[PDB]
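Participant: Got a structure for you, questions after.
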Amino acid sequence: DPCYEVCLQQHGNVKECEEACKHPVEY
């Protein structure tokens with residue numbers, strides 16, 4: 001996913017990153 005990668009690029013794992021990406025994808 002674009003959001004996830006962008007996040008991951010300079011962020012931790014899912015958990016917080018998820019809440020920040022606000023993208024309810026397949027985990």
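For the structure tokens, the naming scheme is as follows: chains receive sequential letters (A, B, ...) according to their order of presentation, residues are indexed from 1 within each chain, and ligands are indexed from 1 in presentation order.
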Pick out the residues sitting within 9 Å of residue 14 of chain A, and hand them over as a list in words; count only C-alpha atoms, and ignore anything fewer than 3 positions along from it in its own chain.

Facilitator: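 Listing them by chain and then by number gives residues 4, 8, 17, 18, 19 and 27 of chain A.
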
Participant: Pull the alpha helix (DSSP H) assignments for chain A out of DSSP run on the backbone, and list those residues as a PyMOL selection string.

Facilitator: chain A and resi 2-8+14-21
